[PDB]
Amino acid sequence: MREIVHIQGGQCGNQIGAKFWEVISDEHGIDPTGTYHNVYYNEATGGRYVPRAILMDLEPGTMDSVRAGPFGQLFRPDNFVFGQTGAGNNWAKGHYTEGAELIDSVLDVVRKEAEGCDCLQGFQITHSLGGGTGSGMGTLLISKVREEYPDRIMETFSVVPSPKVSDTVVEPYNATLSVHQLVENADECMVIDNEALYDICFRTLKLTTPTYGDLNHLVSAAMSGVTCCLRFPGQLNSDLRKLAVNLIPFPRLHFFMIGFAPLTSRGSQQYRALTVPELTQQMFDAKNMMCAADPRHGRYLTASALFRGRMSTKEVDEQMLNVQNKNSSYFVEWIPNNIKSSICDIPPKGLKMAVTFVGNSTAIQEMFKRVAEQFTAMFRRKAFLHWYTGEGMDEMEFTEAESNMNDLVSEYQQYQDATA
Amino acid sequence: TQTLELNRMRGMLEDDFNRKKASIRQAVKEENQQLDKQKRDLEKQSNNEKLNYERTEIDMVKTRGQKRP
Ligand SMILES: Nc1nc2c(ncn2[C@@H]2O[C@H](COP(=O)(O)OP(=O)(O)O)[C@@H](O)[C@H]2O)c(=O)[nH]1
């Protein structure tokens, strides 16, 4: 019933996907052996449920990783397509020489997943953008499956690299080389970045020693809450496309922001109630979204919000109307009623109300801006170029990719300008 | 005498019809009084139940001390 294929590329994407599959298992109560305790899972003889996913990377070490944590025993070994070298942080390897040596097998097993399925609605991808494996092999797979499956929609939870959190120094090159190819073959590139997650988990929940575990936990929570209005009944149902029509008025303005609510700590949870006024007052803020693009520094072309729990549609819709007629400056005028809601009658495990928010804003261009910024100060000097020019990559790629970045950011800028 | 025998017929029939209608109206008033108790009691039950559940939640939250391995 509107089944979904689950691709995970790169080490980052794979860790996040493991977290997400274990969160889903926590939701539908599937103990870590695949027994009860079809949109996501496939039945295996014996009443077992194997997640309809697929994992890939060029360093088999990550294999052992997904076999370490709990709920790792679920995935099927007949989908574990892996390499030997490891793309080693370079975008050339995982896209022209070694990536193309495994795209064949990964596309074969994807065809095996899809052609067996009958009710396939959309895809979903989780992959970094600076890491060679994730970025390169995932964007090549995206190109392939989207030239082969045109009608269905895509979902690339790309975790963009923010500069204030320094991991490597070749991030901008791979980032731009991916983003130039994302704008065509992928219709919903919902971005996340570790800067915003660090900020949230520091100054919103007072976490002492945050590690990547809880960050991936928050991203998995957001990803589940996105489509939770599909696997469960609700007074006003929604799905991937109902999101993908109210949120993107153009074939290029399809870059989003994520948000989830509510979040508080032990020494602070005795003081807040749980009603849609409070959840609304929390979800539209800046420190409650997962992108390093201050939303109040622009407007929202559009935004959708999927609720989970059971409330009185009047309170939700009146709260939406109120927040839209209050912060009208931070909203755009040429599109009326630029917000959308979706009530779903199932709350998460252990709460009563929860909100998963998505927003197409004219303020994330800034993000791409700064990345392209770095590109300049790393391209005019042609630094670290020979690692690319050695695998058929020519200079036209970088210049045209920066051109397309500039075009995108100017689009969002003029639409911040565009009024009526 | 006949016209009196008939006027008393009219009078008795009307003073029975009106009492019957008033009885119907009083029965409807009683039915509404009864319906009111449902919204008087379900809300009380839900209030007490929310109190119990949220108190248990506060307890379960506060019951997180330190580990000290
Ligand atoms: N929030 C979060 N970020 C991660 C995680 N794992 C890796 N990242 C980031 O992903 C980037 C490297 O991507 P990686 O997959 O290791 O390189 P690749 O294998 O060549 O694609 C780095 O910026 C890491 O910090 C994770 O589990 N959670």
# chains A, B, ... in the order shown; residues from 1 in each chain; ligands from 1
$ interface_residues --of "chain A" --to "chain B" --cutoff "9 Å" --atoms "only C-alpha atoms" --output "mmCIF file with N, CA and C atoms, in the first residue's frame"
data_model
loop_
_atom_site.group_PDB
_atom_site.id
_atom_site.type_symbol
_atom_site.label_atom_id
_atom_site.label_comp_id
_atom_site.auth_asym_id
_atom_site.auth_seq_id
_atom_site.Cartn_x
_atom_site.Cartn_y
_atom_site.Cartn_z
ATOM 1 N N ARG A 266 14.223 16.834 32.031
ATOM 2 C CA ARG A 266 13.578 16.427 33.277
ATOM 3 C C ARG A 266 13.291 17.627 34.170
ATOM 4 N N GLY A 267 14.329 18.382 34.517
ATOM 5 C CA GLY A 267 14.177 19.509 35.416
ATOM 6 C C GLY A 267 13.391 20.668 34.838
ATOM 7 N N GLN A 269 10.342 19.767 32.536
ATOM 8 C CA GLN A 269 9.089 19.304 31.953
ATOM 9 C C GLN A 269 7.904 19.418 32.896
ATOM 10 N N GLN A 270 8.106 19.844 34.141
ATOM 11 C CA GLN A 270 6.979 19.978 35.055
ATOM 12 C C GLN A 270 6.185 21.252 34.817
#
$ residues_near_ligand --ligand "ligand 1" --cutoff "6 Å" --atoms "only C-alpha atoms and all ligand atoms" --output "list in words"
residues 10, 11, 12, 15, 16, 87, 88, 89, 128, 131, 132, 133, 134, 135, 167, 194, 212, 215 and 216 of chain A
$ write_last_selection --atoms "C-alpha atoms" --output "PDB file, in the first residue's frame"
ATOM      1  CA  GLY A  10      27.645   6.638   2.881  1.00  0.00           C
ATOM      2  CA  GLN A  11      28.632   6.151   6.494  1.00  0.00           C
ATOM      3  CA  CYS A  12      26.558   9.089   7.747  1.00  0.00           C
ATOM      4  CA  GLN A  15      24.203   5.338  10.668  1.00  0.00           C
ATOM      5  CA  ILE A  16      21.169   7.630  10.410  1.00  0.00           C
ATOM      6  CA  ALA A  87      35.690   6.533  -1.402  1.00  0.00           C
ATOM      7  CA  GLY A  88      38.168   8.224   0.949  1.00  0.00           C
ATOM      8  CA  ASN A  89      36.387  11.594   1.191  1.00  0.00           C
ATOM      9  CA  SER A 128      26.010  13.072   3.420  1.00  0.00           C
ATOM     10  CA  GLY A 131      31.759  12.297   2.005  1.00  0.00           C
ATOM     11  CA  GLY A 132      32.673  10.734  -1.311  1.00  0.00           C
ATOM     12  CA  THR A 133      30.698   7.513  -0.856  1.00  0.00           C
ATOM     13  CA  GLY A 134      27.400   9.058   0.179  1.00  0.00           C
ATOM     14  CA  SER A 135      27.465  12.102  -2.082  1.00  0.00           C
ATOM     15  CA  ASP A 167      35.202  17.945  10.145  1.00  0.00           C
ATOM     16  CA  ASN A 194      24.943  19.133  12.421  1.00  0.00           C
ATOM     17  CA  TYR A 212      25.994  11.544  17.213  1.00  0.00           C
ATOM     18  CA  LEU A 215      21.370  13.673  16.777  1.00  0.00           C
ATOM     19  CA  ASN A 216      20.559  10.712  14.560  1.00  0.00           C
TER      20      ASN A 216
END
$ residues_around --residues "stretch 414-416 of chain A" --least-positions-apart "3" --cutoff "9 Å" --atoms "only C-alpha atoms" --output "PyMOL selection string"
chain A and resi 298-301+332+362-363+409-411+419
$ residues_around --residues "residue B:53" --least-positions-apart "6" --cutoff "12 Å" --atoms "only C-alpha atoms" --output "PyMOL selection string"
(chain A and resi 350-352) or (chain B and resi 46-47+59-60)
$ write_last_selection --atoms "N, CA and C atoms" --output "PDB file, in the first residue's frame"
ATOM      1  N   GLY A 350       4.486   7.148  23.951  1.00  0.00           N
ATOM      2  CA  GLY A 350       4.767   7.801  25.213  1.00  0.00           C
ATOM      3  C   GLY A 350       4.379   9.258  25.313  1.00  0.00           C
ATOM      4  N   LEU A 351       3.697   9.809  24.312  1.00  0.00           N
ATOM      5  CA  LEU A 351       3.263  11.198  24.376  1.00  0.00           C
ATOM      6  C   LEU A 351       1.777  11.302  24.069  1.00  0.00           C
ATOM      7  N   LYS A 352       1.274  12.525  23.921  1.00  0.00           N
ATOM      8  CA  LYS A 352      -0.115  12.748  23.545  1.00  0.00           C
ATOM      9  C   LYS A 352      -0.249  13.596  22.293  1.00  0.00           C
TER      10      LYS A 352
ATOM     11  N   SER B  46     -13.072  12.391  32.969  1.00  0.00           N
ATOM     12  CA  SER B  46     -11.901  12.701  32.155  1.00  0.00           C
ATOM     13  C   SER B  46     -10.939  13.619  32.897  1.00  0.00           C
ATOM     14  N   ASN B  47     -11.467  14.534  33.710  1.00  0.00           N
ATOM     15  CA  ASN B  47     -10.598  15.415  34.482  1.00  0.00           C
ATOM     16  C   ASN B  47      -9.802  14.627  35.510  1.00  0.00           C
ATOM     17  N   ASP B  59       5.726  11.805  38.148  1.00  0.00           N
ATOM     18  CA  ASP B  59       6.478  10.890  39.001  1.00  0.00           C
ATOM     19  C   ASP B  59       7.544  10.154  38.198  1.00  0.00           C
ATOM     20  N   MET B  60       7.143   9.532  37.086  1.00  0.00           N
ATOM     21  CA  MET B  60       8.086   8.751  36.292  1.00  0.00           C
ATOM     22  C   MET B  60       9.237   9.612  35.789  1.00  0.00           C
TER      23      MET B  60
END
$ atom_distance --atom1 "atom CA of residue A:20" --atom2 "atom CA of residue A:62"
16.1 Å
$ closest_atom_pairs --of "stretch 337-411 of chain A" --to "stretch 91-98 of chain A" --cutoff "10 Å" --atoms "only C-alpha atoms" --output "Markdown table"
| residue | atom | partner | partner_atom | distance |
| --- | --- | --- | --- | --- |
| A:387 | CA | A:92 | CA | 7.4 |
| A:388 | CA | A:92 | CA | 5.4 |
| A:389 | CA | A:92 | CA | 8.3 |
| A:390 | CA | A:92 | CA | 8.2 |
| A:391 | CA | A:92 | CA | 6.2 |
| A:392 | CA | A:96 | CA | 7.4 |
| A:393 | CA | A:92 | CA | 7.2 |
$ residues_around --residues "residue A:183" --least-positions-apart "2" --cutoff "12 Å" --atoms "only C-alpha atoms" --output "list in words"
residues 139, 142, 143, 154, 155, 156, 176, 177, 178, 179, 180, 181, 185, 186, 187, 188, 189, 190, 250, 251, 252, 253, 254, 255, 401, 404, 405, 407 and 408 of chain A
$ residues_around --residues "residue A:149" --least-positions-apart "6" --cutoff "12 Å" --atoms "only C-alpha atoms" --output "PyMOL selection string"
chain A and resi 107+110-111+114-115+120-123+141-143+185-186
$ write_last_selection --atoms "N, CA and C atoms" --output "short mmCIF file (atom, residue, chain, number, x, y, z; two decimals), in the first residue's frame"
data_model
loop_
_atom_site.label_atom_id
_atom_site.label_comp_id
_atom_site.auth_asym_id
_atom_site.auth_seq_id
_atom_site.Cartn_x
_atom_site.Cartn_y
_atom_site.Cartn_z
N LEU A 107 21.76 -0.94 -8.54
CA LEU A 107 20.56 -0.72 -9.34
C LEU A 107 19.86 -2.03 -9.65
N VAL A 110 17.98 -2.82 -6.55
CA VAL A 110 16.86 -1.90 -6.44
C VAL A 110 15.73 -2.32 -7.38
N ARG A 111 16.07 -2.71 -8.61
CA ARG A 111 15.05 -3.23 -9.53
C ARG A 111 14.38 -4.46 -8.95
N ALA A 114 11.87 -3.14 -6.50
CA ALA A 114 10.77 -2.37 -7.04
C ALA A 114 9.84 -3.21 -7.90
N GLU A 115 10.40 -3.93 -8.88
CA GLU A 115 9.57 -4.69 -9.81
C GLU A 115 8.71 -5.72 -9.09
N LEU A 120 4.04 1.18 -5.37
CA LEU A 120 5.21 1.96 -5.01
C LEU A 120 4.88 3.44 -5.17
N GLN A 121 5.04 4.21 -4.09
CA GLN A 121 4.69 5.62 -4.11
C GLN A 121 5.90 6.51 -4.33
N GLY A 122 6.91 6.41 -3.47
CA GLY A 122 8.05 7.30 -3.58
C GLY A 122 9.29 6.68 -2.98
N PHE A 123 10.41 7.35 -3.21
CA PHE A 123 11.70 6.92 -2.71
C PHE A 123 12.04 7.68 -1.43
N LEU A 141 23.14 6.98 -8.12
CA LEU A 141 21.94 6.16 -7.99
C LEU A 141 20.68 6.98 -8.21
N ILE A 142 20.67 8.22 -7.72
CA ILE A 142 19.51 9.09 -7.90
C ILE A 142 19.29 9.36 -9.38
N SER A 143 20.36 9.75 -10.08
CA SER A 143 20.27 9.95 -11.52
C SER A 143 19.69 8.72 -12.20
N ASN A 185 17.14 15.70 -10.65
CA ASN A 185 16.58 14.36 -10.52
C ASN A 185 15.97 14.09 -9.15
N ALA A 186 15.87 15.10 -8.29
CA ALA A 186 15.30 14.91 -6.97
C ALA A 186 14.37 16.07 -6.66
#
